[PDB]
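Single-structure report; data block below.
Heads up, the Cβs are rebuilt from the backbone with ideal geometry, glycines too, and the neighbour counts pull from every protein chain shown. No lab work stands behind these numbers, since they all come straight from the coordinates.
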Amino acid sequence: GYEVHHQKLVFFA
Amino acid sequence: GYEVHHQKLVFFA
Amino acid sequence: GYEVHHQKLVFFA
Amino acid sequence: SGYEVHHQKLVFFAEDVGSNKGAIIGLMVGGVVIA
Amino acid sequence: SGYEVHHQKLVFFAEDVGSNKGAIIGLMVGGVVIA
Amino acid sequence: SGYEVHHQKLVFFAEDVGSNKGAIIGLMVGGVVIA
Amino acid sequence: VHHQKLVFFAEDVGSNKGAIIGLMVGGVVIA
Amino acid sequence: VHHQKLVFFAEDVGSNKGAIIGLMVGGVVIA
Amino acid sequence: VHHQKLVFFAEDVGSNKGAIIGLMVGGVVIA
Amino acid sequence: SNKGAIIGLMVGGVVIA
Amino acid sequence: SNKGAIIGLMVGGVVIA
Amino acid sequence: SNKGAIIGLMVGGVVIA
């Protein structure tokens, strides 16, 4: 199998 | 299998 | 398998 | 068998968290002061 | 068998986190002061 | 068998994080002062 | 007006010998 | 007005001999 | 007026002999 | 004698012993 | 004698012993 | 004698012993 670990952060200012 | 680990950060200012 | 590890950072100012 | 530990954390802090701004700290870990 | 430790962290801090801006720190780890 | 440690971190700091801007630090790790 | 002050210390008074001291006054530590 | 101050320390008074001291007043440490 | 101040330290008073001291007042350390 | 791990003060990090 | 790990003060990092 | 690792103060880095 596949063990994908991601995480994002989108910031507008 | 494939073990992909990514992470992003998008910032507007 | 393939073990791809990347990470980005996009910054506008 | 086989051990496996995963750990993800995403932290976002605002203007001044944990800040000693304008404070007056006097700290003494051991030592001797004879005033 | 086989050990495996993964660790991802994403940290974002704002203007002045954990800063001693304008503070007066007096610190002493051991030592002797005879005033 | 086989050990495996992966570690990703992405850090972003704003203007002045952890700065002693304008501070007055007096620090003493050991030593002797006879005033 | 008289005055006097005697101080006698024996050994290791206020000592940190053998200690593991992690200290932090402000600042940032990541991992 | 008289005055006096005697101080007698013997050994290791206020000493750090053998200690592991990690100290931080401001600043940043990554990993 | 009079005045006096005697100080007698014997050995290792306030010393760091054998210590491992990592110190930081501002600045940046990466890895 | 020891083949484990002995730690005094630990802040993050990985020890595999 | 030791074939493990002995650490005093550790801030991050990887030790495999 | 030791074939492990002995560290005093460690900030990041990799030790494989």
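Which ones in chain J are small (G, A, S) and either touching a helix residue (DSSP H, G or I) at 6+ places or on another chain (Cβ under 9 Å) or over 14 Å from L:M10 (Cα atoms) (or both)? Break it down stepwise before answering.
Kept after step one, since they are small (G, A, S), are these residues of chain J: J:1, J:4-5, J:8, J:12-13, J:17.
Hits for chain J are J:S1, J:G4, J:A5, J:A17.
Filter segment F:6-35 for residues that are crowded, with 16+ Cβ neighbours inside 10 Å, farther than 18 Å from G:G27 by Cβ and among the aliphatic types (A, V, I, L, M) and give the result.
Listed by number, the residues that qualify are F:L10, F:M28, F:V32.
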